[PDB]
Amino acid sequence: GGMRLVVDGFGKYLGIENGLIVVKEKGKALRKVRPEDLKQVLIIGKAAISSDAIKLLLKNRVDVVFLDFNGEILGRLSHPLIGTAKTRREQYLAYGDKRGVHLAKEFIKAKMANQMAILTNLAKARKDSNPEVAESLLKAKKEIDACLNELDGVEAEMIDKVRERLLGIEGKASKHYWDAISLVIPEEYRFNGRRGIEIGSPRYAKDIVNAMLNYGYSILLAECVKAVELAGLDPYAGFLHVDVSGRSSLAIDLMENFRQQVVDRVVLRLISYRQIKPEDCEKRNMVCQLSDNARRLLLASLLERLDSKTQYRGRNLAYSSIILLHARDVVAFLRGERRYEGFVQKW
């Protein structure tokens, strides 16, 4: 790809016209675009889509994602993949041997490394203006690095034996990370730490920062599912984050590489310029739903971030390309062609 078309709001519907994908309202064209130009389309909320539109999109291998205001992935349509059986054989086989343990370890290590990167830059920005917070941040980074060195020593024949201990080490490191991030968040935002984390319970956000994080993590999760299936991998045969919850566990495992660089930094940026204020919260039950403006801003920021270029292995490429590439690297490791390594960046 390719452009990501977004369709949201009452009365808006996607349909085809003269071979072009077209956003319409009240029978009048609003937007027109070549199917070849598209990478994906997002049908959000009240917005609707014709079967002919889905036909023209799938013919062009355009991803079609349905979403609600929470960023929850209602479902997705895409051109079918085939020949996956070999990579899937190696994938199901890897679960019983050391390859899966190495994969899970690389994923957790990648997450901790990116957390340390964000903590490092946060401390760097506050070196003079806020010495105290920078000191707290750097010490939190030191503790996370201690968790990294502890994680390096873990070894097992099978992932099932050490998944608990691994998740515990990751839980400690994540605890230090979020405790460090809380120092940077302004007092008005009421950020008391991550309560939206799905590792324990699907607890819902009562604060704007956790709402933003949950939304962005959902979008990133969609991108990771697409990347995992494009490589011929089975999304639902994960190694680390497994549950009866029904979510694609392998995509959640791959996501550990990109949670910090894609979602966290965007949220930190929007919070830093007060572009998403605490009053943007909308009370639903007791949950903090995003406002429509905050939604459109956060979504546009995340999408522009996914397609933003960065240097990796000598090339400049979009983060989404790095995600597809890492899925391919997982396939390369399953076939034994190349040892897998977690994504790492400092910026």
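Start at 1 and count along the sequence shown; that's the residue number.
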Legend entry - Higher-B stretch (mean Cα B-factor, as the entry records it), 198-206 or 115-123: 198-206
Inset, instruction - Going by the average Cα B-factor in the PDB entry, point out whether 129-137 or 233-241 comes out higher. - result: 233-241
Inset, instruction - Select one of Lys55, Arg31, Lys39, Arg284: the residue whose C-alpha shows the highest B-factor in the crystal structure entry. - result: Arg284
Inset, instruction - Would you mind finding, among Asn149, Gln261, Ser182, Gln275, the residue with the largest C-alpha temperature factor in the entry? - result: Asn149
Inset, instruction - Place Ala173 in the lowest, middle or highest third of its chain's C-alpha B-factors, as listed in the PDB entry. - result: middle
Inset, instruction - Taking the chain's C-alpha temperature factors as the reference, tell me which third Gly45 falls into: lowest, middle or highest. - result: lowest
Legend entry - Chain-relative CA temperature factor third for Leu250: middle
Inset, instruction - Please rank the C-alpha B-factors of the chain's modelled residues and tell me whether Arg88 sits in the lowest, middle or highest third. - result: highest
Inset, instruction - Could you say whether, by C-alpha temperature factor, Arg338 belongs to the lowest, middle or highest third of its chain? - result: highest
